[PDB]
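Just below is one structure, and these are the notes that go with it.
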Amino acid sequence: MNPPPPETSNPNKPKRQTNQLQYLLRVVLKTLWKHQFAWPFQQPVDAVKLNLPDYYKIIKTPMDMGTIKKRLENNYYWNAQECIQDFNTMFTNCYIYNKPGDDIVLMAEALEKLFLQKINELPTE
Ligand SMILES: COc1ccccc1S(=O)(=O)Nc1ccc2c3c(cccc13)C(=O)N2C
């Protein structure tokens, strides 16, 4: 069974746009999105569709790049670190739920390397 997807808007949370957050949407996310291993991470895990009934019994802070994309498009984040933390949650969830060497983990490890490459240098204020 699927829990509700993570929020992509929250009127109680203040919004902000920065050069670094614009970069994270325009170059980091949009480039990762085109990677050949991106497709498993482009939407929230649908436990019913993918036949993973234990996913949300294990993973209590789900995150995906479709959620991050909508958050960036909506200026949901206060700063780039909050967005980077969502990316890191997405990668760590994959390592937590699976085991080393699994095909999905190899996909996540390659995307994580490309992500770290791209956020190594951010634009300034
Ligand atoms: C049951 O399906 C599969 C079984 C084996 C390999 C691949 C798939 S899958 O790619 O078709 N389904 C999945 C999509 C997204 C994810 C996972 C994870 C673990 C296992 C499956 C999947 C996971 O951490 N994420 C983010």
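Chain lettering (A, B, ...) mirrors the order of the structure tokens, residue numbering begins at 1 for each chain separately, and ligand numbering begins at 1 in order of display.
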
Protein and nucleic residues near ligand 1, 8 Å, only C-alpha atoms and all ligand atoms, as a list in words: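 Every residue with an atom at most 8 Å from ligand 1 is listed here: residues 40, 41, 44, 45, 46, 50, 51, 52, 55, 64, 90, 93, 94, 95, 96, 97, 98, 102, 103, 104 and 105 of chain A.
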
With N, CA and C atoms retained, write the just-selected residues as a compact mmCIF listing (two decimals), in the first residue's frame.
```txt
# COMPACT_ATOMS: atom_id res chain seq x y z
N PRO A 40 14.28 4.93 -12.45
CA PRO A 40 13.69 4.43 -11.20
C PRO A 40 13.50 5.49 -10.16
N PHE A 41 14.12 6.65 -10.35
CA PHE A 41 14.11 7.70 -9.35
C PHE A 41 13.31 8.91 -9.80
N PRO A 44 7.81 8.88 -7.17
CA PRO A 44 7.79 8.17 -5.88
C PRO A 44 7.63 6.67 -6.13
N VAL A 45 8.32 5.87 -5.31
CA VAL A 45 8.15 4.43 -5.41
C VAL A 45 6.67 4.10 -5.23
N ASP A 46 6.09 3.43 -6.23
CA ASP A 46 4.72 2.93 -6.19
C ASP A 46 4.81 1.46 -5.78
N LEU A 50 5.13 -1.70 -8.48
CA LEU A 50 6.41 -2.39 -8.52
C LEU A 50 6.45 -3.64 -7.67
N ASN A 51 5.37 -3.96 -6.97
CA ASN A 51 5.27 -5.15 -6.13
C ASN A 51 6.35 -5.15 -5.04
N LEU A 52 6.45 -4.03 -4.33
CA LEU A 52 7.35 -3.87 -3.20
C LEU A 52 6.53 -3.58 -1.94
N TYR A 55 8.28 -1.79 1.04
CA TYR A 55 9.10 -0.60 0.85
C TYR A 55 8.86 0.41 1.95
N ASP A 64 12.17 11.27 -4.03
CA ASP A 64 12.44 10.96 -5.43
C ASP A 64 12.69 12.25 -6.21
N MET A 90 17.30 10.51 -0.91
CA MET A 90 16.91 9.59 -1.98
C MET A 90 17.97 8.51 -2.18
N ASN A 93 18.10 6.11 0.98
CA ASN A 93 16.95 5.21 0.99
C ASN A 93 17.20 4.00 0.12
N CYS A 94 17.84 4.22 -1.03
CA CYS A 94 18.08 3.12 -1.94
C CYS A 94 19.07 2.14 -1.34
N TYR A 95 20.10 2.66 -0.65
CA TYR A 95 21.07 1.78 -0.01
C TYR A 95 20.47 1.06 1.20
N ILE A 96 19.60 1.75 1.93
CA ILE A 96 18.95 1.16 3.09
C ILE A 96 18.01 0.03 2.68
N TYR A 97 17.20 0.26 1.64
CA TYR A 97 16.17 -0.71 1.29
C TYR A 97 16.75 -1.93 0.60
N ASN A 98 17.88 -1.78 -0.08
CA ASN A 98 18.39 -2.86 -0.88
C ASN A 98 19.59 -3.48 -0.16
N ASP A 102 23.22 -4.89 -5.69
CA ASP A 102 21.95 -4.95 -6.41
C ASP A 102 21.96 -4.00 -7.60
N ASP A 103 21.24 -4.36 -8.67
CA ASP A 103 21.25 -3.52 -9.87
C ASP A 103 20.75 -2.11 -9.56
N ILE A 104 19.73 -1.99 -8.71
CA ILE A 104 19.22 -0.66 -8.42
C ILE A 104 20.23 0.14 -7.62
N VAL A 105 21.04 -0.54 -6.80
CA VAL A 105 22.04 0.18 -6.02
C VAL A 105 23.18 0.65 -6.93
```

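Across A:73, A:38, A:43, A:91, the tightest approach to residue A:23 is made by A:73 when counting only C-alpha atoms.
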
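DSSP, applied to the backbone of this structure, assigns alpha helix (DSSP H) to the following residues of stretch 5-60 of chain A: residues 19, 20, 21, 22, 23, 30, 31, 32, 33, 34, 55, 56, 57 and 58 of chain A.
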
For residue A:28, work out the shell of residues within 9 Å, counting only C-alpha atoms and skipping chain neighbours fewer than 5 positions away, then give it as a VMD selection string. chain A and resid 23 33 114 to 115 118 to 119

I'd like to know which of A:58, A:47, A:65, A:107 is closest to residue A:31, using only C-alpha atoms.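 Of the candidates, the smallest distance to residue A:31 is held by A:65.
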
Which residues come within 12 Å of stretch 85-87 of chain A, counting only C-alpha atoms, excluding same-chain residues fewer than 5 positions away, as an MDAnalysis selection string? chainID A and resid 6 24 28:29 32 41:42 61:69 71:72 76:80 92:94 108 111:116 119

Please write the residues from the selection above to a file, keeping N, CA and C atoms, as an mmCIF file, in the first residue's frame.
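Saved as again_25.cif:
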```cif
data_model
loop_
_atom_site.group_PDB
_atom_site.id
_atom_site.type_symbol
_atom_site.label_atom_id
_atom_site.label_comp_id
_atom_site.auth_asym_id
_atom_site.auth_seq_id
_atom_site.Cartn_x
_atom_site.Cartn_y
_atom_site.Cartn_z
ATOM 1 N N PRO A 6 5.352 12.681 -0.790
ATOM 2 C CA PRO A 6 5.818 13.835 -0.022
ATOM 3 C C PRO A 6 5.260 15.123 -0.605
ATOM 4 N N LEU A 24 20.496 24.180 -9.258
ATOM 5 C CA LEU A 24 20.087 22.813 -8.942
ATOM 6 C C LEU A 24 18.942 22.336 -9.830
ATOM 7 N N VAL A 28 21.670 20.722 -12.509
ATOM 8 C CA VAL A 28 21.902 19.477 -11.781
ATOM 9 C C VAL A 28 20.759 18.494 -12.013
ATOM 10 N N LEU A 29 19.543 18.879 -11.652
ATOM 11 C CA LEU A 29 18.412 17.956 -11.766
ATOM 12 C C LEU A 29 18.142 17.606 -13.223
ATOM 13 N N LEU A 32 20.834 15.133 -14.522
ATOM 14 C CA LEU A 32 20.620 13.813 -13.925
ATOM 15 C C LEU A 32 19.397 13.137 -14.524
ATOM 16 N N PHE A 41 14.119 6.650 -10.346
ATOM 17 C CA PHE A 41 14.110 7.700 -9.348
ATOM 18 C C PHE A 41 13.311 8.910 -9.799
ATOM 19 N N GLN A 42 12.578 8.805 -10.911
ATOM 20 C CA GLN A 42 11.874 9.959 -11.467
ATOM 21 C C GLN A 42 10.488 10.156 -10.875
ATOM 22 N N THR A 61 11.240 7.909 5.265
ATOM 23 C CA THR A 61 11.410 9.260 4.712
ATOM 24 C C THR A 61 11.643 9.154 3.208
ATOM 25 N N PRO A 62 10.639 8.745 2.443
ATOM 26 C CA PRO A 62 10.825 8.582 0.995
ATOM 27 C C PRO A 62 11.146 9.898 0.289
ATOM 28 N N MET A 63 11.920 9.787 -0.793
ATOM 29 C CA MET A 63 12.239 10.931 -1.636
ATOM 30 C C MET A 63 12.553 10.460 -3.047
ATOM 31 N N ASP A 64 12.172 11.272 -4.032
ATOM 32 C CA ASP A 64 12.436 10.964 -5.434
ATOM 33 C C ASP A 64 12.692 12.253 -6.211
ATOM 34 N N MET A 65 13.243 12.102 -7.425
ATOM 35 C CA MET A 65 13.620 13.286 -8.199
ATOM 36 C C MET A 65 12.424 14.001 -8.791
ATOM 37 N N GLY A 66 11.302 13.299 -9.008
ATOM 38 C CA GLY A 66 10.088 13.978 -9.424
ATOM 39 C C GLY A 66 9.572 14.912 -8.343
ATOM 40 N N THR A 67 9.623 14.464 -7.088
ATOM 41 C CA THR A 67 9.286 15.324 -5.947
ATOM 42 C C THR A 67 10.250 16.504 -5.832
ATOM 43 N N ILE A 68 11.546 16.234 -5.918
ATOM 44 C CA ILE A 68 12.525 17.319 -5.858
ATOM 45 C C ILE A 68 12.279 18.324 -6.981
ATOM 46 N N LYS A 69 12.035 17.827 -8.197
ATOM 47 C CA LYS A 69 11.772 18.718 -9.327
ATOM 48 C C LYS A 69 10.593 19.651 -9.041
ATOM 49 N N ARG A 71 9.351 20.451 -6.155
ATOM 50 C CA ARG A 71 9.735 21.355 -5.077
ATOM 51 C C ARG A 71 10.553 22.516 -5.613
ATOM 52 N N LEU A 72 11.552 22.228 -6.455
ATOM 53 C CA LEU A 72 12.348 23.315 -7.028
ATOM 54 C C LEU A 72 11.480 24.241 -7.878
ATOM 55 N N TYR A 76 9.983 25.652 -3.114
ATOM 56 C CA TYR A 76 9.665 25.075 -1.810
ATOM 57 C C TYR A 76 10.817 25.187 -0.816
ATOM 58 N N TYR A 77 12.052 25.139 -1.295
ATOM 59 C CA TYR A 77 13.210 25.097 -0.417
ATOM 60 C C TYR A 77 13.651 26.482 0.020
ATOM 61 N N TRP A 78 14.226 26.543 1.222
ATOM 62 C CA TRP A 78 14.857 27.781 1.695
ATOM 63 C C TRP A 78 16.237 27.962 1.096
ATOM 64 N N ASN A 79 16.993 26.883 0.943
ATOM 65 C CA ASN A 79 18.322 27.039 0.373
ATOM 66 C C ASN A 79 18.760 25.733 -0.257
ATOM 67 N N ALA A 80 19.904 25.808 -0.937
ATOM 68 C CA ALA A 80 20.414 24.660 -1.688
ATOM 69 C C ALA A 80 20.722 23.476 -0.788
ATOM 70 N N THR A 92 20.354 7.479 -0.020
ATOM 71 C CA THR A 92 20.497 6.627 1.162
ATOM 72 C C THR A 92 19.319 5.675 1.326
ATOM 73 N N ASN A 93 18.100 6.115 0.982
ATOM 74 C CA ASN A 93 16.949 5.209 0.993
ATOM 75 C C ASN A 93 17.205 4.002 0.118
ATOM 76 N N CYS A 94 17.839 4.221 -1.030
ATOM 77 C CA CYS A 94 18.077 3.120 -1.942
ATOM 78 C C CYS A 94 19.071 2.141 -1.338
ATOM 79 N N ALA A 108 21.966 3.746 -8.410
ATOM 80 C CA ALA A 108 22.007 4.852 -7.457
ATOM 81 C C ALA A 108 23.428 5.335 -7.239
ATOM 82 N N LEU A 111 24.460 7.530 -10.176
ATOM 83 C CA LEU A 111 23.812 8.832 -10.123
ATOM 84 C C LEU A 111 24.383 9.681 -8.999
ATOM 85 N N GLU A 112 24.697 9.061 -7.857
ATOM 86 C CA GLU A 112 25.252 9.820 -6.741
ATOM 87 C C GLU A 112 26.596 10.429 -7.108
ATOM 88 N N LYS A 113 27.447 9.661 -7.784
ATOM 89 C CA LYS A 113 28.717 10.198 -8.252
ATOM 90 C C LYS A 113 28.516 11.382 -9.191
ATOM 91 N N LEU A 114 27.564 11.283 -10.125
ATOM 92 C CA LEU A 114 27.311 12.399 -11.035
ATOM 93 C C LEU A 114 26.739 13.596 -10.285
ATOM 94 N N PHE A 115 25.845 13.338 -9.331
ATOM 95 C CA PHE A 115 25.313 14.399 -8.485
ATOM 96 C C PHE A 115 26.425 15.114 -7.712
ATOM 97 N N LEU A 116 27.306 14.359 -7.047
ATOM 98 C CA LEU A 116 28.391 15.014 -6.306
ATOM 99 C C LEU A 116 29.314 15.798 -7.225
ATOM 100 N N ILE A 119 27.442 19.166 -7.955
ATOM 101 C CA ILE A 119 27.312 20.100 -6.836
ATOM 102 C C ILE A 119 28.651 20.429 -6.188
#
```

From atom CA of residue A:109 to atom CA of residue A:59 the spacing works out at 18.0 Å

Could you jot down the atom CA of residue A:8 to atom CA of residue A:75 separation for me, Å, one decimal place?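 Those two atoms sit 9.3 Å apart.
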
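Among the candidates A:10, A:124, A:20, A:2, the one nearest to residue A:82 when counting only C-alpha atoms is A:20.
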
In Å and to one decimal, atom CA of residue A:7 is distant from atom CA of residue A:56 by 16.2 Å

Which is closest to residue A:89 among A:54, A:60, A:9, A:18, if we use only C-alpha atoms?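 Of all the options, A:60 lies closest to residue A:89.
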